[PDB]
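Read through the structure below, which is laid out as structure tokens, and then see the notes.
Note that we place each Cβ from the backbone using ideal geometry, even for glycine, and neighbour counts take in every protein chain shown. A short reminder: the numbers here are calculations on the coordinates, not readings from a lab.
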Amino acid sequence: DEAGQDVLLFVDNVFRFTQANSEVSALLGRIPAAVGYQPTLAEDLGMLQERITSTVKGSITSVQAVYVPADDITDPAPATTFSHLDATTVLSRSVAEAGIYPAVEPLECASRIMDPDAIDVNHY
Amino acid sequence: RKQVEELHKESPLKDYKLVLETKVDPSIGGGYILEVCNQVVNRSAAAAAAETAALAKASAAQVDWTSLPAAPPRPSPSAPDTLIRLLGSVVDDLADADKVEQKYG
Amino acid sequence: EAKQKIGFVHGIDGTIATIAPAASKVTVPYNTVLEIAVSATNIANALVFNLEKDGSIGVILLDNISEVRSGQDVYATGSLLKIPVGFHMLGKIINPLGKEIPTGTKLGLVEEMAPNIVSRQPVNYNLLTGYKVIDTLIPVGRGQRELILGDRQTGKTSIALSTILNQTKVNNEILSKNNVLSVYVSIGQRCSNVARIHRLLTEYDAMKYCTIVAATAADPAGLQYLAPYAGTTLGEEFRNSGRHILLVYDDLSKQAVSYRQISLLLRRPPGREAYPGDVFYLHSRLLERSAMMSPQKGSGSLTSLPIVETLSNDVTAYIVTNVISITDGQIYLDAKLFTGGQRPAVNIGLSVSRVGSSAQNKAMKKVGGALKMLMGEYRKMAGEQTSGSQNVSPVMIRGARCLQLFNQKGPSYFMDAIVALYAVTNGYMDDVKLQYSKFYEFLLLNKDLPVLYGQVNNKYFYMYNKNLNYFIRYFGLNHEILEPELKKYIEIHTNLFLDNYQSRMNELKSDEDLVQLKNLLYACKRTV
Amino acid sequence: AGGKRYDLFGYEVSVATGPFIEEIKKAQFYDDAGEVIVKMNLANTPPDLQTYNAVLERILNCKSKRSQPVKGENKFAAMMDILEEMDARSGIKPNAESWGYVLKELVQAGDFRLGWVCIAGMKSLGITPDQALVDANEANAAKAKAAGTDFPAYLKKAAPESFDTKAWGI
Amino acid sequence: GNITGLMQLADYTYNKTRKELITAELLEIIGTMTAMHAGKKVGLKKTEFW
Ligand SMILES: Nc1ncnc2c1ncn2[C@@H]1O[C@H](COP(=O)(O)OP(=O)(O)OP(=O)(O)O)[C@@H](O)[C@H]1O
């Protein structure tokens, strides 16, 4: 805002922030969710995420890591994180066991800027 | 007082005896704050002046002069037949050029 | 003007607040609004969720939560929640409390009992998504709530967004009574997606007939609980004005998550997947307000397109298993197909529309009757055949030619969808390749080869007027006046393409020209 | 004299469509007319054939849809949607006096091709169109054919030989 | 004929484990709710103290 510069924000990682409140929510008296997460997950996550957004004054190029316990994408913690992102890079244990790195599964991931108008048509 | 007893009359209860309890407020330099039978009324410069402050804010906010004022609506072109007669095919290009100019130029 | 207080706040837990009442004689109704005086200047609205024997009020907070403190006073309005309503709301997005948001009289309730059966009508009119798939095999009629399933990034939002841009060319033309309006409702989606939607609909001049409700992620939970409700209220008044109206939710699963967050923070009894019991009632309070009303009630209509996000193609989840049991059909998307260039990535086997024909027009029934009897055999053949074996049969040819036409960015006009599908189902599009089918379609629709190459043995039937659909919708192509003209136009355009273009295409066995052509095909896939 | 008309569920229905017709003929614009079908329907007095015909009448006589102009305005489509609303939605069928307004608007706009369509439709249902309108239709047709206005210009334009995305104006 | 037997055996194990998982989530939630209330159980205690 004040300096007007562009910024990077590397975060390693969001899931520890989620479980940090999960360890406390049961002690506060808050009843937990299905898998054993707080019920305030999506709200606290959004109130953290929405601060991360480009503005008229500057720009935040954020990058976020996530822990998928058991490689289960159906875990609600990564699942709620889809909506608050523009490029959902996904990694998998399978591709790494084949000795390939970066262990990317191109089909299970996709971006938002993948349009002909934002980038070159040949790239699309 | 004239609003106190009258609000005690407007209340669901009026046969009950009325009792007063006054306090000194550092926030208010003008007007009064009253509570009768769980019916509060605020006549205070903090809120009263802030009411008109909100109206004088929204009034200025309502109208923005930076943006261009909307132009008058354009009616259908209704090109005359003579124009088509003189230039059978160029006329379409002229209309397209005029529209493009109206968008860009 | 004098306000009425009941007590002060006992404690709060994030979005939730409990109340300690004063003057125990006084009561409060169940679902009323409460105004909290964070300061003499600012005021926060809230709703009463439950009540207790000791005398206390469980309250859900909707604005300026951070300013709340203990020891603050409360006041009561004495009415249910309500929002400003009318025709003065189409061009602007709002908060579900009605607060207009910046961007670069009458009131109405959120919880109205839905119309009973006598106040309703069986659906008979269509609602054109603009996509050929939907209007053929799984049509959406007005008053026909239809679900949209799918995992992340499969084309859920884009469907409704094309459904709304499609209704701009028409609503300008037809009267202001049959002009299907629209209301988007975003729940928990990122705020920048909202502004990108705003710029999109403002680009196509569609926001004149389309508003948005936004309860973003930063907004509290109780404000996510009410967004589809207030959007339904906005559509309910238009139903009472006789108009038609569309309604979108993006999405309900986060509405359920918010209701979960509130019930569990209010110490309510949980159930399956930590949801309370009445979540199936939470949705049935909403969706059944969608209906086609009767001529005694203005003939209005409220169409609902609820989006729900699956996870790894599961459908046995509680929310999806309930919403499917509610809606009058569904649409099932597959990411396995969204990656394979099948965009929209529908899944025709699992997709259902209980309103099969009665919604469709006179021109569409004869076409869809063929398409069902084409894809029904396509799936059996593509399922039993190998991946590499060549089969020369009209089903495996025509159907795969149809799947390409189904691929399309953005909507498509009615006239173009019928002429393009009539060409296939009758077999005119058998000689062209699978790849140039869309270029053939692009030439058929926007260009006009017979008008160019001199073939004008056609009195009226051409694909340049675009006002001809209003004859197709009335008479239908099977009528004797449009059948021969249509067939001659298609046969001529087919021979012209097969002779002039389709031969030049195969001859370009070069390096740069192949890429120059493939960009053209994958661009024709987009503009159409 | 008035044959009874019943609702879907068998309920009685009013038919005194008179004052709503006089309230339509006064419509300075052809959108308050469509707004009056609402007021009829809500009073359990649905529209008759003559009623929709009066709607088509003011659609022909009125100048604009609303006070201000509107982009994408078209009298012809607004009439044809009324016809679809009459035939398939409700059940009432049109008559020659209904199609007459349609053919008149096609003459005023000069779209001769749709004129020959509406002609081939009226002659299929067994209706006698006025030759006075067919004559003006063919007059506009030949008038356009002689001046090359039989078709637009951007269709007759030369086809780009190259398969360039910018060549085809995509 | 063998694949079908293996398939139905897997459909049973899947649909049974899905139920045991749903029930387990209920047990965890109700255990937390019952523990909070049992510990937070409030009583009058109108007994002598002096
Ligand atoms: N027919 C199509 N052709 C090309 N691109 C398409 C097509 N349909 C959708 N898209 C692309 O899909 C993207 C939009 O994804 P979509 O809105 O379906 O995700 P989503 O389901 O809303 O994600 P989430 O569930 O997280 O909200 C855009 O990049 C859009 O261009």
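Going through the stretch C:467-492 one residue at a time, which ones are closer than 17 Å to C:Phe439 by Cα and over 35 Å from the mean Cα position of the chain (by Cα)? The answer is C:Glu491, C:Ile492.
Scanning the stretch C:287-308 for residues that are under 22 Å from D:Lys39 (Cα atoms), aliphatic (A, V, I, L, M) and either within 16 Å of the ligand (Cβ to nearest atom) or in a loop (DSSP other than H, G, I, E, B) (or both) gives a single hit, C:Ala291. Taking the numbered list (1) within 14 Å of chain C (Cβ to nearest Cβ); (2) of a type in the set (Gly, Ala, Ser); (3) more than 16 Å from the chain's Cα centre (by Cα) in turn, A:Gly4 passes all entries but (1). Within the stretch C:455-483, the set of residues being of a type in the set (D, E, K, R) and within 9 Å of chain D (Cβ to nearest Cβ) comprises C:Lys459, C:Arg473, C:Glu480.
Every condition in (1) closer than 25 Å to C:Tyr125 by Cα; (2) part of a loop (DSSP other than H, G, I, E, B); (3) at the interface with chain C (Cβ under 8 Å from one of its Cβ atoms) holds for D:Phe76 except the one numbered (2).
Residues checked against (1) among the hydroxyl-bearing types (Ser, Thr, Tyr); (2) in contact with a helix residue (DSSP H, G or I) (Cβ under 9 Å, 6 or more places away or on another chain); (3) within 21 Å of C:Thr15 (Cβ to Cβ); (4) assigned to a helix (DSSP H, G or I):
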| residue | (1), (2), (3), (4) |
| --- | --- |
| A:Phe15 | no, yes, no, yes |
| A:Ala20 | no, no, yes, yes |
| A:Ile31 | no, yes, yes, no |
| A:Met47 | no, no, yes, yes |
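Out of everything in the stretch C:334-374 that is within 14 Å of chain A (Cβ to nearest Cβ) and outside any loop (DSSP other than H, G, I, E, B), what residue ends up being farthest from the ligand (Cβ to nearest atom)? Per the criteria, the residue is C:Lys336. Can you name the residue in the stretch C:234-258 that is away from chain D (no Cβ under 14 Å) and of a type in the set (D, E, K, R) and is also surrounded by the fewest Cβ atoms within 10 Å (Cβ to Cβ) among such residues? Checked the stretch C:234-258; the qualifying residue surrounded by the fewest Cβ atoms within 10 Å (Cβ to Cβ) is C:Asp251.
Of the candidates A:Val24, A:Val90, A:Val121, the single residue that is farther than 23 Å from C:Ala335 by Cβ and within 14 Å of the ligand (Cβ to nearest atom) is A:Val121.
Against the numbered list (1) assigned to a helix (DSSP H, G or I); (2) more than 14 Å from the chain's Cα centre (by Cα), E:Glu48 comes up short only at (1).
Filtering the stretch C:137-176 to residues that are within 16 Å of the ligand (Cβ to nearest atom), on the phi < 0 side of the Ramachandran plot and not hydrophobic (A, V, I, L, M, F, W, C) leaves C:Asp151, C:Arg152, C:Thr154, C:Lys156, C:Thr157, C:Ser158, C:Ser162, C:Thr163, C:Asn166. For first residues located in the stretch D:141-164 and at the interface with chain B (Cβ under 9 Å from one of its Cβ atoms), partners that are assigned to a loop (DSSP other than H, G, I, E, B) and not charged (D, E, K, R) and lie 6+ apart or on another chain with Cβ distances below 6 Å form the pairs D:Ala147/B:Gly88; D:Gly148/B:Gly88; D:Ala153/B:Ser89.
Within the set A:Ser111, A:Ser83, A:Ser62, the sole residue that is more than 16 Å from the ligand (Cβ to nearest atom) and of a type in the set (S, T, N, Q) turns out to be A:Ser62.
The set of residues from the stretch B:18-50 being over 22 Å from C:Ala23 (Cα atoms), at the interface with chain C (Cβ under 9 Å from one of its Cβ atoms) and outside any loop (DSSP other than H, G, I, E, B) comprises B:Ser44, B:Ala46, B:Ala47, B:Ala50.
Counting just the residues of the stretch C:105-127 that are touching a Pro at 6+ places or on another chain (Cβ under 9 Å) and either more than 15 Å from C:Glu288 (Cβ to Cβ) or within 12 Å of another protein chain (Cβ to nearest Cβ) (or both), which one comes out farthest from the ligand (Cβ to nearest atom)? Here the answer is C:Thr105. Is it the case that some residue within the stretch D:2-21 is aliphatic (A, V, I, L, M), in contact with a helix residue (DSSP H, G or I) (Cβ under 8 Å, 6 or more places away or on another chain), more than 10 Å from every other protein chain (Cβ to nearest Cβ) and in a helix (DSSP H, G or I)? Yes, the stretch D:2-21 contains a residue that is aliphatic (A, V, I, L, M), in contact with a helix residue (DSSP H, G or I) (Cβ under 8 Å, 6 or more places away or on another chain), more than 10 Å from every other protein chain (Cβ to nearest Cβ) and in a helix (DSSP H, G or I). Out of curiosity, is A:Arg30 loosely packed, with under 13 Cβ neighbours inside 10 Å and within 12 Å of chain C (Cβ to nearest Cβ)? When the stated conditions are applied, A:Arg30 does not pass them. The set of residues in the stretch D:30-89 that are within 22 Å of D:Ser14 (Cβ to Cβ) and among the hydroxyl-bearing types (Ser, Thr, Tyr) comprises D:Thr45, D:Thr51, D:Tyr52. Would you confirm, using the coordinates I've provided, whether C:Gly130 is within 14 Å of the ligand (Cβ to nearest atom) and not in a helix (DSSP H, G or I)? Answer is yes for this residue.
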